[PDB]
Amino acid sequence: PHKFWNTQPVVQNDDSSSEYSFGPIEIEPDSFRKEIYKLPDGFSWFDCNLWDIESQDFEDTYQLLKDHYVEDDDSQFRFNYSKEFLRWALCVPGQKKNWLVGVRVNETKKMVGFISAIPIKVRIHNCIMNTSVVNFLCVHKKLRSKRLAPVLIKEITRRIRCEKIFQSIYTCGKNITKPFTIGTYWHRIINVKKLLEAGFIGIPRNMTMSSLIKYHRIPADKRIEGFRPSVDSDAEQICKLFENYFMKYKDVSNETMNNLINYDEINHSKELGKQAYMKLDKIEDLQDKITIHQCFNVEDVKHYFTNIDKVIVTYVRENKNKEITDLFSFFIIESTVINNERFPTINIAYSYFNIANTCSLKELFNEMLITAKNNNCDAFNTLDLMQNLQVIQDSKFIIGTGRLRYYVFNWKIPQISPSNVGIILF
């Protein structure tokens, strides 16, 4: 029984709609609460100054997440996002100062809560829109189970709506309301001895450390040439590469892709916003296609698909005309090994966006796995989004624990396969 989520414009688990459709759940451009939400006495909101990596706010945020953010099931690993990562992930083109929200104890100046939104452009079927991604919701462990989280969620909702944005995308490792897709975690072991020492895997009875090393080795043969790190001057080419990829896997006609309904222009009117509703005759119309994905202009490409040591790795393949034809990318997050004083962290790569045109996706990932090994990553993690199952199948990836639930706030999306989703959250 929910007490907060049952009041929100999201599809509920008990929803009994017998039709597949798309569109906003509600069009309420001026009826939302505009007054700041009250925090418990002694606590105050503040806009978190992540615009200078040396600021005190950035140290406070880094420390809060380091000790209190997402942990695995058994509380053996906790994410340890670096400050350079958080800057790359949160100070994105178009970001607003007030979408990085902290909660501080007034007497001690201790930061005890955080929630963030980043602006992104997304296509959802026949619509395109400026939207938000909510991430890094975090409450101090000593303040949990006191119903603070709905306060932080309502407050970021208010701050997003003040920017005339009424939808959001977010993920969760547990079921809340009805998710529009469910992602499966997959792990590729790179550094066996480190992951054994960390307790992530163990040594099977029918194996040895040496046979494990042998089994999990990244294949060294069949190397395809032409790959190099991306640079800023690649941005226009990379932008075109992404447009052609999303055009290839579209779930709407060519004319539709070229004339997407821009919800930003009609979300101010209950009558005009109705144009965004779209009934789907057959669910099979979407099979093998991408239905929802982020859209990147040249400025976004320059920011996201770059190379920052220990944060983000982007390589492109060139042909004999020196034209970019393929791309792989992954970001890098350390995790704390909670109960290991002498081996306190591991370095994990996470697949981001990958486009294979001149090679198979399996060959592309093999080149990416080698590069992640050479970037000192102990494992390579992926979701079964987009065409990744092609590589996950008949590979040495091992399934993870739990599932990643995808949600859209104030939009209707039929339950779809993760192959239909091109949205990666940090």
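Counting begins at 1, following the sequence as shown. Definition used throughout: the rigid core is the maximal C-alpha set that superposes within 1.5 Å between two forms.
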Exercise. Once the rigid core is lined up, would you tell me whether 345 to 353 or 202 to 210 has the higher RMS CA deviation in 4 other deposited structures of this protein?
Key: 202 to 210
Quiz item: Relative to this form, superposed by the core, which stretch has the greater CA RMS in 4 other deposited structures of this protein: 116 to 124 or 334 to 342?
Solution: 334 to 342
Quiz item: When the C-alpha temperature factors are averaged for each of 299 to 307 and 336 to 344, which stretch ends up with the higher value in the entry?
Solution: 336 to 344
Practice problem: Would you tell me which stretch averages the higher CA B-factor in the PDB entry, 179 to 187 or 256 to 264? | Solution: 256 to 264
Quiz prompt | Deposited CA B-factor, highest of 123, 140, 194, 279 | solution = 279
Practice problem: Choose from 86, 133, 272, 100 the residue with the greatest Cα B-factor as stated in the PDB record. | Solution: 272
Exercise. Divide the modelled residues of the chain into thirds by Cα B-factor and specify which third, lowest, middle or highest, holds residue 41.
Key: highest
Exercise. Select lowest, middle or highest to describe the third in which the CA B-factor of residue 66 falls within its chain in this entry.
Key: lowest
Quiz prompt | B-factor third for the C-alpha atom of residue 421 within its chain | solution = lowest
Quiz item: Within this chain, which third does the Cα B-factor at residue 113 fall in: lowest, middle or highest?
Solution: lowest
Practice problem: Sort the modelled residues of this chain by their C-alpha B factor and say whether residue 22 lands in the lowest, middle or highest third. | Solution: middle
